[PDB]
Each structure stands twice: as structure tokens, then as C-alpha cells.
Amino acid sequence: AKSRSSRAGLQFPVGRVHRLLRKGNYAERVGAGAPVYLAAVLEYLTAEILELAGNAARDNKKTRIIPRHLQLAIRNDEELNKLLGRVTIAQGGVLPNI
Amino acid sequence: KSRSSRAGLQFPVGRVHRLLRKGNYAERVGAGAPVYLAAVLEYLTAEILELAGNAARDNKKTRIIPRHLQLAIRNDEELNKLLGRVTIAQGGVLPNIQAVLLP
Amino acid sequence: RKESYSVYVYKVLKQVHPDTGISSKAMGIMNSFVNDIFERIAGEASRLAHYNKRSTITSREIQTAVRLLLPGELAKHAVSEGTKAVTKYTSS
Amino acid sequence: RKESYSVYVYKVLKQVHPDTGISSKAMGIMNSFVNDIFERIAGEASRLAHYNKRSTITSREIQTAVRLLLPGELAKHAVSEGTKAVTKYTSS
Amino acid sequence: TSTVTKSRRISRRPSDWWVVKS
Amino acid sequence: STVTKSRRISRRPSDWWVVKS
Amino acid sequence: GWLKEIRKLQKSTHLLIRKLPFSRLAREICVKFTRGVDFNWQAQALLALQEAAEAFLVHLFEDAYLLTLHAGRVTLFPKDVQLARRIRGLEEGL
Amino acid sequence: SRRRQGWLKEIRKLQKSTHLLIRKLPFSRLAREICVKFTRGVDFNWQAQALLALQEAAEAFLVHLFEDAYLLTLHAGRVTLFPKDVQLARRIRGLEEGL
Amino acid sequence: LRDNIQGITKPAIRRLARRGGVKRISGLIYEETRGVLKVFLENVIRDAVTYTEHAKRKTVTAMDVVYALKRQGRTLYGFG
Amino acid sequence: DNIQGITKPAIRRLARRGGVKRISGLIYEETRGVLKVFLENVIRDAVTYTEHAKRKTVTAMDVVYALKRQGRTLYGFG
DNA sequence: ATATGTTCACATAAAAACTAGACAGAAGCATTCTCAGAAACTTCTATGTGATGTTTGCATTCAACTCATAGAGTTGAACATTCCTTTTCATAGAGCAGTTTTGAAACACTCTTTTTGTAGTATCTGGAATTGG
DNA sequence: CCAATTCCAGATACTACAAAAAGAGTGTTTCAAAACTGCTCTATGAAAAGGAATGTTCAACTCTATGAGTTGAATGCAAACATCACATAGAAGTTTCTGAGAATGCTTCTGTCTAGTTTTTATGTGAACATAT
């Protein structure tokens, strides 16, 4: 009668993350606040990437995001480039470097 | 009547079985998986110990020290590729000097 | 029947940009990113719980794993977001 | 009240070199090596079992993980030793 | 240059992280 | 360059960064 | 001439190697490993393999040209690629 | 003639031993200073084995980095090491192995 | 040409080098590039075929390639 | 000035064990900075591991785990 | 001429041999769960065609490169001396870590019902191409 | 080179629906707080010796401009094959169902791995005899 993701004031699902934690054989028990914490972190990272992707798309007179915009947004950020250091984006290209 | 003796091994089978059961790997464990794992572990240990003993004997010694383990590991391409990101304490380096520097 | 994170990504996109769309390959890339980060954090929390002889995964393990995995300002803001979310969820 | 592989390493050494000893630091290094290899193989077998939607770890998963992890000749000889031990164990 | 996204997190561009600076 | 108890040839890691025909 | 070519290629995102030669090479390498049996291939698998290979090659060329500029030249040599593979350390350069 | 090549015998002797090269007390002082700069105001204790392991790891890292940097130096056509060699070695090793 | 390794032509290698930022290339680069590509493909294809024949299938799937690349330390996001 | 405790002869010994023949004067400060960055990263990870548990003493296993989490394995202190 | 290689006493921190004894491992049976075997069918992969136009292969060349050498300037290894800083042999004090109980709160397990992501289907439009200015 | 038109592939919008997750209750288990014990980290004292610090010097190293030898990016033209549209058969990947064998939970009996003693022991240290560079 009331979603847990709305209880936490989020958009990502909480019950699905809880089930995926329970069925991933990570430990024999799972707490109650761990899925909320994980969903909040995931939603924050998603929003952070999507804002820069939308900015990169707007700076090219486009109204739809393509993998090139995601590549630009990820490689033009310091901490995001540090986090995704061993990841390859398909159809993303490279950054213009002389 | 031991399982290790039944499989003709020196490494323990019950201990590996218990470690697999209490390691958060899967809900069920078979019967030949611990035997297979113990056999592989014993084979690797025997290879390393033989190479280290040969190194120590050629070095005119009687006891194996970490230096001999380093010399044995870094002189075998497959063992070197397996332990590529491992550091051995008090092991030192191999005596490798560039030929351009030496006259 | 398959499962993905498309609806939630679209929701947060409409939240951050009301007049912008997205392709299908970009959505697949976002799904892969979410799955990768999930796996990283969950594995780190599991091994943390194993090191200290515990059989439960709590928000403390998640916070420690986030502090260990993300760079500085990202980790600070993610910790703040998670703490705020847990505090809001508890008072209900 | 601690566990190690000292007695088994000593038995293997006596089988290989009957007139050679070993220090304590080398024994600690050997214990570390055994634990590392165990952890690697078990994790790879778990991942393999999860990919194909199975809830059991059998000798086939161990064999495939050994083939995936070790280089060529080491993998061949390890598979030989493993199947030999299995067929000797099941015939009793 | 930089970018101040929501939550006021300054998004900086990578630089020469391989040079020692005092 | 060395034959152990089992007949596995233990070779020295000579070179791996050069393309050989 | 070369400058416009580089500036145009650094802006596009399409694959640079043809599909049929890559498919033939991958199929022959795959049939070399098995016991003579012929395996079928999906199109997405070959596409992913080509994407990964091309990304790897472009990054290796970037590193090799860094080494070339350090050596004091402007022309790329095979020893630059070899030294980059060696410095990458047995896991990334191979 | 004072000494033709003493560096040769020095290298040949140093590549045969396996003992630590940095003193223990300055290393302990530096480690404690950094650790107290990380924590807010608390002063943490340190086991001896922890400091020994840290020193071993640091010295191994430095020796390997020096090997790679001298490879780059010899590629550049020189016999003297420069800081640019270390910088380029870190850059090519990448974000993790190059810090 | 007739050999399958010769199907990777000089224009394609030149385009890859130009995308990488290279300005001037030598003649001996193409064979080295072919050899490096061959080693890369051999490793990835061996791992993928192992993953494929672990299950009782006869068709190579994109997920096998993704798993091989991931276990070798190279994550791919597009074909997940 | 604890960073100055790492003297010039010690850096010389490290470079000589690494195989270096000649060293320039500007290298000691660079080496000090690199060592400082390495120590900062490892000590941050180890202190996080230590304070996750309710302890106030850094142990060897904390350092081992901190090194392992960065792609470096140590065998002597297991 | 000197570090190098080899040789003998010694005692000693270190390795090695005994023991007993909690605790981890083995034997045996009923329960329950899982993965292999069989039949079908439908999607996706292999194969042939027509054109083909699109791209590549081959021959020159000369302006743009690489490579070897020598002179001007810079500097790091080698060495005498000294004294300061690290190392070694005792020495507790006590702050902090390790062990044992337990119980109240937190987490797992089960049946029901609703609501939300999914799979198809029907419309709308951003983006790519071509031509002309 | 940019701007405008038109087309269509690829988005958005729109519904049924079925299965997954809250709601509520019940049984299990586990981890923090308290008391006790011990343990090793830290701060202190007294010698001491050898290794770091200063200063100077000179042969060894780097930088740079230049001439001699090599080559590959640009260009024109003829050939040819990766592509694409279309078609098309059929192989095997997937789904559903069934059933025998293996893992498991539990208990009782055994044998063994490890901590506490307690007996030997390679080898570093000191000093001395030939020797290649």
C-alpha cells in the first residue's frame, strides 16, 4: 500500500535491490538499511552522469543523448574518469587531443 | 580410512570441503570438487618446493629461505605469469644488469 | 521475461532535463554501469563482513565500502545522500 | 588455536627432498600462496556456477576454472592430476 | 572550465596527475 | 631447461614483448 | 592534409575495419583451437570483438606515440610499441 | 685515478642482499605524521609488523619504478636518470600502477 | 590477399593510427600491428570458446565474449 | 621536517639496487613526493580498515588488506 | 697490493623431536532437491544471387624525415674529516586488546492480494540526406 | 560552406496483464554491553660507533647545430570484392515435463593438529692461508 522507495524519497527500486542482495550469496543475512543506502548511492551516481551528459548534448544543438555524449561527460570529469578507468564505451570514440 | 588416503594425497580433503561449505560460494557443494582442488593445490605446492629445493642445493645450502622461493618463482615463465602481482617479503630482485651499461 | 533499469533512468532524466531524450544503446550502457557498480559495492561489503567474523550486511558495511571505493568528493556526497535517505526512511 | 598447512607442506617437502629443511618465513609464504590460489579458484567456480543458472559446484566447474586460470602446461598437468585423483577416489 | 552541478559538487577536468608538485 | 618430477619442461621467461614470425 | 584527416577521424565514432575479413580471421582462429569442429557465431559477438580490438589498438597507438615523442622523433617505430607493451607489464600489453 | 667503477660492485652487492635500505626511525616518524594528519585529532598506535610490512611494500614499489624509469632513460638515449622519465613511466603505467 | 591475416589492409591500420593521433608512420608497422591483433584475438577467443563449451552449446554468444573480456580485466558496456 | 629523514644515501641505495648507474640532483625531491603519495593512499585505506572495527591500533592485516584492495599482494606477513 | 675464495673453533638463536588432549573429521540412514533425458518448434545462422560502386592496389617522387659527429657547457661521483644521530641492552606502567554471558531487538519464513514493470501495438518526430544559393 | 526542403527510421505514447513485492504475523539468532585478565606499546636511561654532512675537484655526461642518406604521403587510374537486397532452407537453442541419483541434516565414535617441553644443530663471527685483477 506504500512503496519503500517512496518512503525513502527515491526513484530507484528498494525491493528489487534487497532481493538481488539476498539471492547473490554475499552473506547469510541482510540488514534493512543496506538496500536503501545502495539505491540512494546508485541514484546519485546516475543523476550525476546524466546531468553532464545532457549538458554535453545541449552544447552541440542536440535534443537526444547518444553514447558519444556519455563518453564526453565521463572523460571530461576527474573523479568519474578515475572511477571508470578500465571501462570501454561502445561507439563512444575518443577525446580530441592534438 | 581417511579421504585423503583414499584419494592417494597428502593434503586434507575434509578441511577443503569445510572451507568450501563455509565460504559463501554456492548453496551446494559436490563430492569430487574438494578432491580435485586438493590435488591441484598439492601439485602446485610440489612444483614450487622442488624448484626451491633445487635452487637452495645449487646455492650450497641446506635450508630454504624466502630468497630461494623468489629465485624459483621468477625463473619459471608459467609460475611468473601466475604470480604476476605478488610481492615476496625479504626476497630481493634477480641479478639483471643492462648489457649497455656493462663494458 | 527480462529486467533492466530503464524506467528509473528515464525518471531521473526527466528530473534533471525535462526536454531531452535518449537512445537505446545509451540505455544499455547505463544498465551496464548500474550493474557494475552494484557488483563492486556488494562484493566489497561481503568481504568486509567476512573479515570481522560477522554474518550480517548492514548500512555500516555499505558506507565503509563506499568510502573505500569512490574518490574523495564523490564519496563524501554519496555518504551524505545515503545518510539522508536512511534518516528519512527511518522516520516513518 | 590457529590453522595452517605446515604439516602438509612438510610432508610434500620430505617427499621431494628428503634432506632439506625450511624456515618459518618461507612456511608463512607457502601458507599465503595456498590461501591465495584457493580463493581464486573458488571464486571463479562460483562465478561459473552463477552464469549458467546452477546451484551446485561440481568437479566440472573446478576443472573449467582451472583451465581458465592457469597457463597451458600447468593447466594440462593439473587437470591430469585432478582426474587421476577423482578416478582413484571413486573406485573405493 | 569547471562545472558546479547540483549539490554544489565542482566537476573539474583532469590534469597532469603524473607530475610532483609542492 | 629443467624437467621436474613430472615431465613438464620448466622454461625461463626469455621474451614476450616482441612479435615473432 | 594529414591534419584535416586526424581532426575528422577524432570526431567520428564508426568502425574502421571491414566486417568480412574480420569474420574470416576470427572464424579461422576459433577453428584452430577446437578439435576440428566448426562453431557458429552470432553477429553481436563479432561486433563486440571488433569494438574491443579497435579500442585496444587505438589506445596502444596513443601510448606508443607518447614514447615516440619522448624519444625525440615524430615517426612511429615498432620498438616504441614493444617498449609500451613492456612497460604496461605483462597484463595490459600483450 | 681514484676509483674506476665502484658503482658496478655496489650494484652487484646490492642486488644480492635482501635487507631493507631505509632506516626504521625516520620511516616510523613519517608514517605516524601522515596517519595523524589523516585522522581528526586522535593518535593511533602502531604494531611493529605493520610498519615493517609498509616499509617492505614501499621499497619494492620504489625499486620497480626505478627499473621502469631507467628503461625509459635508456630508450631516450641517455645514461643519467631524469624526473621526466619517472613522470612518463607513471603516465604509461596508468592511473592505478602509476598513482 | 589469400591469407586471412592479409585481409586487414594498410588503409584500415592507417585510419586507426590517425585516430590515435599519429602523424607519420613507417612501413614496418603493419606486420607488428597484425601480430599484436592476432595475439589479442587468440587470448580472447580461447577464453570465449572455453566459456562456450563449458555449457553444451555449439554457438558463440556475445555474453561469452563479454565474460572473457571482463575476466581478462577489460569491461565492455555496449553489448551487455 | 620528517620528510627529510629519508636521506640521499638511502635513495642512492634504492636506485642502485634498481640498476641505475647515474642519478641527477633533482631526483630526490621527486622520489620523496612519490613516496609521500604512495604512503598517503595506503595509510588512508589502512586507517579506514582499522576504524571500521572499534579499534585504535593499526595491525599488519589492515595494511595487507589495504595493499590487496589496490592490486598488490604481500606474502611475508600473512 | 687487496678483496676474493677457502678453512677451522663455537655456540647459539633456531630448528627439530615428544607428548597429551580438545576438537575436528569419519560412518551410516532418511529427506529433499537438482540436473539429465526426451520431444517439438521456432528463431536465427548459413548459403546463393544480382549487381556494384565503392574502395583498394600499383608505380613515382621529392620534400620531409632519421642518423652520425663534434664542440661548448654542465655536474655528479670520489674522498678526507667529524660528530651527530640511530642502534643496542634494560625497564617497567598501563592503555588497550582478547575472552565469556546473555538477552532484547533485528532478521528470516509463509500466505494473500494488489500494483507495477513488460511485452505488443499504434502515432509522432528528431535527424540525415540532397540540392541550391 | 551553410541553409532549406522532404522522407523515414526510430523514437514516444498507450494499453492488458501476470508475477513480484508489501501486509501481517511468528519463530530464530546474534552482537553489543559489562566484567575480568593479560599483553605489548610507549616513554625513559646509559653507551657508542659508524654513517650522514660539508666541502672541494675533475673526468664524465648532455645539448645543439649540421651534413649525408632514406622514405612515405600525395596523385592518377584501372581492377575487384564487401555490401546489400532478396530469398531460403534447416539446424539447434529454447521450453516443458518427468524421473533417478546425489547432497544434506543429524548423531555417535575416532584419530590427529597443535600448544607446551626439551634435545640437537647449520651457520654467522672471528682469524688465517693462496690468489686474479
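No hydrogens, no waters, no symmetry mates; every other heavy atom, side chains included, goes into these values. Every chain is numbered from 1, with letters handed out A, B, ... down the list of sequences.
Rounded to whole Å, the distance from CG on J:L26 to P on K:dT74 is 15 Å. Straight-line distance from the CZ atom of A:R16 to the P atom of L:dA19: 15 Å, rounded to whole Å. Rounded to an integer number of Å, the gap from C:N31 CG to K:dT118 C1' is 14 Å. Here K:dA24 presents its P atom at 17 Å from NE2 of B:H17, a figure rounded to the nearest Å. The CD1-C1' distance, from I:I13 to K:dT56, rounds to 14 Å in whole Å. Spacing between atom CZ of I:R2 and atom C1' of K:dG57 amounts to 17 Å, rounded to whole angstrom units. The CG atom of B:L20 sits 14 Å away from the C1' atom of L:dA103 (whole-angstrom rounding). Atom OH of I:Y30 and atom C1' of K:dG57 are 13 Å apart (whole Å).
At the phosphate of K:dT4, neither OP1 nor OP2 sits under 4.0 Å from any side-chain N or O atom of H:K13. Side-chain nitrogen and oxygen atoms of B:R18 include none within less than 4.0 Å of the OP1 or OP2 phosphate oxygen of K:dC23. Residue B:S2 has no polar side-chain atom (N or O) positioned under 4.0 Å from OP1 or OP2 of L:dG111. For the pair C:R1 and L:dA20, the criterion of a side-chain N or O lying under 4.0 Å from OP1 or OP2 is met. A sub-4.0 Å separation between OP1 or OP2 of L:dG105 and a side-chain N or O of B:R28 is absent. H:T80 has no side-chain polar atom (N or O) that falls below the 4.0 Å cut-off from OP1 or OP2 of L:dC61. At least one side-chain nitrogen or oxygen of D:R54 sits closer than 4.0 Å to the OP1 or OP2 atom of K:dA36. Close to K:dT74, at under 4.0 Å from its OP1 or OP2, lies no side-chain N or O of J:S24.
The pentose of L:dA60 is categorized as south (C2'-endo side) on the basis of a negative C1'-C2'-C3'-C4' torsion. Sugar conformation, K:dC44: south. The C1'-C2'-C3'-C4' torsion carries a negative sign.
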Legend entry - Structure string for DNA chain L in dot-bracket form, Watson-Crick and G-U at under 3.5 Å, | interchain: .||||||...|.||||||||||||||||||||||||||||||||||||||||||||||||||||.||||||||||.||.|||...||||||||||||||||||||||||||||||||||||||||||||||||
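Side-chain atoms of J:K21 lie closest to L:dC61 of the nucleotides L:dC31, L:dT114, L:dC61. Checking L:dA53, L:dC63, L:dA103 against every side-chain atom of J:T7, the shortest atom distance belongs to L:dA53.
With hydrogens and angles ignored, the 3.5 Å screen pairs no side-chain donor or acceptor of A:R68 with any backbone N or O of A:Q91. The backbone N or O of D:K25 sits nowhere less than 3.5 Å from a side-chain atom of D:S23 that would complete a donor-acceptor pair.
Donor-acceptor pairing under 3.5 Å is recorded for the side chains of J:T59 and J:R55. Under the 3.5 Å distance criterion, with hydrogens and angles disregarded, no donor-acceptor pair is assigned to the side chains of B:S2 and B:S4.
Inter-residue side-chain proximity for G:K79 and G:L67 is flagged as unmet; no heavy-atom pair is nearer than 4.5 Å. Residues G:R18 and G:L20 have side chains not in contact (no heavy-atom distance under 4.5 Å, counting atoms from C-beta outward). Counting heavy atoms from C-beta outward, G:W2 and I:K23 have side chains that approach closer than 4.5 Å.
Atoms OG1 and CZ, on C:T58 and A:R29 in that order, are 12.0 Å from each other to the nearest 0.5 Å. To the nearest 0.5 Å, atoms OG (D:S6) and NZ (D:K11) are separated by 11.5 Å. Between atom OG1 of residue J:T7 and atom CZ of residue J:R12 there is a gap of 9.0 Å, rounded to the nearest 0.5 Å.
Residue-level contact check: D:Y10 touches the backbone only, with heavy atoms under 4.0 Å from sugar-phosphate atoms and none from bases. Note on D:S23: only backbone sugar-phosphate atoms sit closer than 4.0 angstrom, heavy atoms only; bases stay farther off. Here A:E28 lies in heavy-atom contact (under 4.0 Å) with sugar-phosphate atoms only. Across all strands, I:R15 comes closer than 4.0 Å only to sugar-phosphate atoms, never to a base (heavy-atom distances). Note on I:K10: nothing from the nucleic acid sits closer than 4.0 angstrom, heavy atoms only. If you check every strand for non-hydrogen atoms under 4.0 Å, C:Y5 touches nothing. Here C:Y8 lies in heavy-atom contact (under 4.0 Å) with sugar-phosphate atoms only. Using a 4.0 Å heavy-atom criterion, one finds that G:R27 contacts the sugar-phosphate atoms exclusively.
Residue G:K19 places its NZ atom among 12 or fewer non-hydrogen atoms of other residues, nucleotides or ligands, all under 6.0 Å distant.
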Inset, instruction - Sugar-phosphate means primed atoms, P, OP1 and OP2; the rest is base. With that split, encode nucleotides 74-97 of chain L 5' to 3' as B, S or - using protein heavy atoms under 4.0 Å. - result: S-------SB---------S----
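Between C:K11 and B:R6, the one whose closest nucleotide on DNA chain K sits nearer the 5' end is B:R6. Each of D:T56 and D:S24 was assigned the nucleotide of DNA chain K with the nearest heavy atom; the assignment lying further toward the 5' end belongs to D:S24. Mapping I:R24 and A:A1 onto DNA chain L by nearest heavy atom places A:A1 at the nucleotide closer to the 5' end.
Only one option out of J:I23, J:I6, J:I11, J:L14 pairs with J:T31 in a side-chain contact (heavy atoms from CB on, under 4.5 Å); it is J:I11.
Taking atom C1' on both nucleotides, K:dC111 is separated from L:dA100 by 32 Å, rounded to a whole Å. Nucleotides L:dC129 and K:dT87, compared at atom P, are 37 Å apart to the nearest Å. To the nearest whole angstrom, the two P atoms, one in L:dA20 and one in L:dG99, are 27 Å apart.
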